Every structure is written in structure tokens, then in C-alpha cells.
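Source file: query-v4.json; contents: JSON, C-alpha atoms and all ligand atoms.
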```json
[["chain", "number", "residue", "atom", "x", "y", "z"],
["A", 2793, "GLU", "CA", 153.41, 56.21, 1.29],
["A", 2794, "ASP", "CA", 156.61, 57.21, 3.16],
["A", 2795, "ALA", "CA", 160.31, 56.74, 2.21],
["A", 2796, "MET", "CA", 160.72, 53.19, 3.59],
["A", 2797, "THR", "CA", 157.61, 51.70, 1.83],
["A", 2798, "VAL", "CA", 158.47, 52.69, -1.70],
["A", 2799, "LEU", "CA", 162.25, 52.40, -1.41],
["A", 2800, "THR", "CA", 163.36, 49.67, 0.95],
["A", 2801, "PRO", "CA", 163.97, 46.26, -0.60],
["A", 2802, "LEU", "CA", 162.07, 43.47, 1.13],
["A", 2803, "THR", "CA", 164.32, 41.34, 3.34],
["A", 2804, "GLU", "CA", 163.73, 37.71, 4.45],
["A", 2805, "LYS", "CA", 162.45, 39.04, 7.82],
["A", 2806, "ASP", "CA", 160.03, 41.34, 5.95],
["A", 2807, "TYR", "CA", 158.78, 38.24, 4.06],
["A", 2808, "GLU", "CA", 157.92, 36.43, 7.32],
["A", 2809, "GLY", "CA", 155.73, 39.47, 8.19],
["A", 2810, "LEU", "CA", 154.04, 39.52, 4.76],
["A", 2811, "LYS", "CA", 153.18, 35.81, 5.12],
["A", 2812, "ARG", "CA", 151.58, 36.56, 8.48],
["A", 2813, "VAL", "CA", 149.53, 39.49, 7.03],
["A", 2814, "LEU", "CA", 148.29, 37.37, 4.10],
["A", 2815, "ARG", "CA", 147.24, 34.42, 6.33],
["A", 2816, "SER", "CA", 145.28, 36.84, 8.57],
["A", 2817, "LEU", "CA", 143.28, 38.07, 5.58],
["A", 2818, "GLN", "CA", 142.70, 34.50, 4.32],
["A", 2819, "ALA", "CA", 141.27, 33.62, 7.82],
["A", 2820, "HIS", "CA", 138.85, 36.60, 7.98],
["A", 2821, "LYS", "CA", 135.12, 35.70, 7.80],
["A", 2822, "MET", "CA", 134.47, 38.24, 5.02],
["A", 2823, "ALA", "CA", 137.42, 37.09, 2.81],
["A", 2824, "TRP", "CA", 135.40, 34.28, 1.13],
["A", 2825, "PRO", "CA", 134.77, 36.17, -2.16],
["A", 2826, "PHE", "CA", 138.52, 36.81, -2.68],
["A", 2827, "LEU", "CA", 140.25, 33.53, -1.71],
["A", 2828, "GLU", "CA", 140.43, 32.18, -5.28],
["A", 2829, "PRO", "CA", 140.19, 33.62, -8.84],
["A", 2830, "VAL", "CA", 136.67, 34.67, -9.96],
["A", 2831, "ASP", "CA", 134.97, 31.64, -11.62],
["A", 2832, "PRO", "CA", 133.87, 32.75, -15.10],
["A", 2833, "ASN", "CA", 130.92, 30.26, -15.03],
["A", 2834, "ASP", "CA", 129.52, 32.47, -12.18],
["A", 2835, "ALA", "CA", 129.92, 35.64, -14.33],
["A", 2836, "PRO", "CA", 130.57, 35.21, -18.08],
["A", 2837, "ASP", "CA", 131.28, 38.99, -18.53],
["A", 2838, "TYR", "CA", 133.74, 39.50, -15.61],
["A", 2839, "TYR", "CA", 137.04, 39.00, -17.57],
["A", 2840, "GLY", "CA", 135.79, 41.30, -20.36],
["A", 2841, "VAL", "CA", 135.39, 44.29, -17.99],
["A", 2842, "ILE", "CA", 138.19, 43.71, -15.39],
["A", 2843, "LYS", "CA", 141.51, 44.00, -17.16],
["A", 2844, "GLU", "CA", 143.84, 43.08, -14.23],
["A", 2845, "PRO", "CA", 142.15, 40.43, -12.02],
["A", 2846, "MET", "CA", 143.66, 39.58, -8.61],
["A", 2847, "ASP", "CA", 142.87, 37.21, -5.69],
["A", 2848, "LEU", "CA", 144.49, 36.00, -2.46],
["A", 2849, "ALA", "CA", 145.69, 32.62, -3.89],
["A", 2850, "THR", "CA", 147.55, 34.43, -6.70],
["A", 2851, "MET", "CA", 149.09, 36.65, -3.99],
["A", 2852, "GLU", "CA", 150.11, 33.58, -1.94],
["A", 2853, "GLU", "CA", 151.86, 32.07, -5.00],
["A", 2854, "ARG", "CA", 153.70, 35.37, -5.56],
["A", 2855, "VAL", "CA", 154.78, 35.63, -1.88],
["A", 2856, "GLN", "CA", 156.10, 32.02, -1.94],
["A", 2857, "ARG", "CA", 158.10, 32.75, -5.15],
["A", 2858, "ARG", "CA", 159.45, 36.07, -3.70],
["A", 2859, "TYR", "CA", 157.87, 38.05, -6.60],
["A", 2860, "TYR", "CA", 157.63, 41.29, -4.62],
["A", 2861, "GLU", "CA", 160.77, 43.50, -4.28],
["A", 2862, "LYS", "CA", 159.17, 46.48, -2.48],
["A", 2863, "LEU", "CA", 156.24, 46.80, -0.03],
["A", 2864, "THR", "CA", 154.48, 49.17, -2.44],
["A", 2865, "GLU", "CA", 154.17, 46.30, -4.99],
["A", 2866, "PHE", "CA", 152.46, 44.00, -2.40],
["A", 2867, "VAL", "CA", 150.08, 46.82, -1.38],
["A", 2868, "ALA", "CA", 149.23, 47.50, -5.09],
["A", 2869, "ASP", "CA", 148.20, 43.83, -5.69],
["A", 2870, "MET", "CA", 146.08, 43.85, -2.51],
["A", 2871, "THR", "CA", 144.41, 47.15, -3.45],
["A", 2872, "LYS", "CA", 143.54, 45.69, -6.91],
["A", 2873, "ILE", "CA", 141.41, 43.00, -5.23],
["A", 2874, "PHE", "CA", 139.24, 45.62, -3.49],
["A", 2875, "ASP", "CA", 139.14, 48.16, -6.36],
["A", 2876, "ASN", "CA", 138.15, 45.48, -8.90],
["A", 2877, "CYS", "CA", 135.29, 44.42, -6.61],
["A", 2878, "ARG", "CA", 133.96, 47.96, -6.08],
["A", 2879, "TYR", "CA", 134.08, 48.67, -9.87],
["A", 2880, "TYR", "CA", 132.32, 45.42, -10.92],
["A", 2881, "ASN", "CA", 129.62, 45.23, -8.21],
["A", 2882, "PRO", "CA", 126.98, 47.81, -7.11],
["A", 2883, "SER", "CA", 127.41, 49.56, -3.74],
["A", 2884, "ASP", "CA", 124.52, 47.62, -2.12],
["A", 2885, "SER", "CA", 125.84, 44.12, -3.00],
["A", 2886, "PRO", "CA", 127.30, 41.83, -0.29],
["A", 2887, "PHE", "CA", 130.48, 41.53, -2.44],
["A", 2888, "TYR", "CA", 131.00, 45.33, -2.23],
["A", 2889, "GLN", "CA", 130.38, 45.16, 1.58],
["A", 2890, "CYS", "CA", 133.04, 42.47, 1.97],
["A", 2891, "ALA", "CA", 135.58, 44.65, 0.12],
["A", 2892, "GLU", "CA", 134.86, 47.56, 2.53],
["A", 2893, "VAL", "CA", 135.35, 45.40, 5.64],
["A", 2894, "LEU", "CA", 138.38, 43.50, 4.41],
["A", 2895, "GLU", "CA", 140.23, 46.64, 3.16],
["A", 2896, "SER", "CA", 139.79, 48.27, 6.63],
["A", 2897, "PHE", "CA", 141.25, 45.06, 8.19],
["A", 2898, "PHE", "CA", 144.18, 45.07, 5.72],
["A", 2899, "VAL", "CA", 144.97, 48.71, 6.67],
["A", 2900, "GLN", "CA", 145.05, 47.78, 10.39],
["A", 2901, "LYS", "CA", 147.41, 44.86, 9.71],
["A", 2902, "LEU", "CA", 149.60, 46.87, 7.29],
["A", 2903, "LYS", "CA", 150.13, 49.58, 9.94],
["A", 2904, "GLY", "CA", 151.17, 46.82, 12.37],
["A", 2905, "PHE", "CA", 153.63, 45.44, 9.78],
["A", 2906, "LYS", "CA", 155.17, 48.86, 9.09],
["A", 2907, "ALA", "CA", 155.64, 49.53, 12.84],
["A", 2908, "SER", "CA", 157.44, 46.16, 13.33],
["A", 2909, "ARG", "CA", 159.80, 47.02, 10.44],
["A", 2910, "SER", "CA", 160.91, 50.32, 11.97],
["A", 2911, "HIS", "CA", 161.88, 49.16, 15.53],
["A", 3001, "LIG", "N1", 134.25, 36.93, -6.17],
["A", 3001, "LIG", "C1", 133.97, 38.25, -6.39],
["A", 3001, "LIG", "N2", 134.55, 39.22, -5.73],
["A", 3001, "LIG", "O1", 134.01, 40.39, -6.22],
["A", 3001, "LIG", "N3", 133.08, 40.11, -7.21],
["A", 3001, "LIG", "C2", 133.04, 38.81, -7.33],
["A", 3001, "LIG", "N4", 132.23, 38.14, -8.23],
["A", 3001, "LIG", "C3", 131.90, 36.71, -8.16],
["A", 3001, "LIG", "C4", 130.46, 36.45, -8.57],
["A", 3001, "LIG", "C5", 130.19, 36.89, -9.99],
["A", 3001, "LIG", "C6", 131.23, 37.89, -10.47],
["A", 3001, "LIG", "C7", 131.62, 38.85, -9.36]]
```
Let me see whether you can do it: turn the structure in this file into C-alpha cells.
Ligand SMILES: Nc1nonc1N1CCCCC1
Amino acid sequence: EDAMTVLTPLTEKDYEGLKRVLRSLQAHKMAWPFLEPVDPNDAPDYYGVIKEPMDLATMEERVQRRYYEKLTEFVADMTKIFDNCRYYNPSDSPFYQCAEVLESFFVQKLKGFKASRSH
């Protein structure tokens, strides 16, 4: 990550961009596994093996409350969603597949956000 990402405090204009990025991911066809916290009734062992769970509704709550002070912190929460999924699930599962697709989409949108910040 460059100078600006780590170091620049997030402004109110930055927050309008982050809201737009998050809504784009929530609208993606392969975001369904990540929209809400993992239901433990679907996997009674999940919260024993994943120590820092994350999901897009938790991220939306945090954006609304202005939790994030730097872009790096927002990126770290988003990356946790995809890394948790690839550690819990095998590489041939549809959940793993969805993480691969959605992370590539996030990277495209994040590059767009960074470009709009700089000019
Ligand atoms: N929603 C998910 N995203 O990644 N992995 C997920 N799981 C939900 C189904 C049982 C536990 C694993």
C-alpha cells in the first residue's frame, strides 16, 4: 500500500466513496455467502476455528458509525472476509469460489476509489 492509503485520515468525501464500494459488493451475485454473519446452526464448529469473523453487514454498521480512520483499516476488514472463507472451506467448494470472484471485484472497485481520491 502507498503513502496515502496507510496515512491519510478518511474525510467525509472519502466516506461517500466507501459507502458506494460497499453497496456494489452487497449487490454482486456472488456476495450471498458474506452478506450476514455465519449462522452457527449451519456450522457448529465455525466459531471455534475462525478467531476474527467478519461479514458485510458488520462492515456496513462500522461505516455508518465512522469506525474506520484510515483506508488500510477498511481494506483489512474486507480482506478478513475472504481469508476466513479460504481457510475454513476447501478449494473446490462454491464458498471458496465466491471468495475468489468477489475479492477480484473488490480490487477493481478499490483501484477506482483510490484514483478518485487523488484527482
Ligand atoms: N457463509 C460462509 N462464507 O464462507 N464460509 C461460509 N460458511 C457457511 C456455511 C457453513 C460454514 C461456512
Expected axis-aligned box over every listed atom of ligand LIG 3001 (chain A), 6 Å added per side, centre plus edges in Å to one decimal, as AutoDock Vina command-line options:
```
--center_x 132.4 --center_y 38.4 --center_z -8.1 --size_x 16.4 --size_y 15.9 --size_z 16.7
```
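Atom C5 of ligand LIG 3001 (chain A) lies 11.3 Å from atom CA of residue A:2886.
Counting all atoms listed in the file, the residue from A:2809, A:2845, A:2904, A:2801 that sits nearest to ligand LIG 3001 (chain A) is A:2845.
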Return as CSV the residues of chain A lying at most 7 Å from ligand LIG 3001 (chain A), together with the closest atom-to-atom pair for each and the distance in Å to one decimal, counting only C-alpha atoms and all ligand atoms, with rows in chain order and ascending residue number.
```
residue,atom,partner,partner_atom,distance
A:2825,CA,A:LIG3001,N1,4.1
A:2826,CA,A:LIG3001,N1,5.5
A:2830,CA,A:LIG3001,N1,5.0
A:2831,CA,A:LIG3001,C3,6.9
A:2834,CA,A:LIG3001,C5,5.0
A:2835,CA,A:LIG3001,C5,4.5
A:2838,CA,A:LIG3001,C6,5.9
A:2877,CA,A:LIG3001,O1,4.2
A:2880,CA,A:LIG3001,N3,6.5
A:2881,CA,A:LIG3001,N3,6.3
A:2887,CA,A:LIG3001,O1,5.3
```
Point to revise | Å distance separating atom CA of residue A:2814 from atom CA of residue A:2861, one decimal place | key: 16.2 Å
**Study point:** Top pick for closest residue to residue A:2865, considering A:2899, A:2851, A:2823, A:2891 and counting only C-alpha atoms
**Key:** A:2851
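For the atom pair formed by atom CA of residue A:2821 and atom CA of residue A:2869, the distance is 20.5 Å, given to one decimal.
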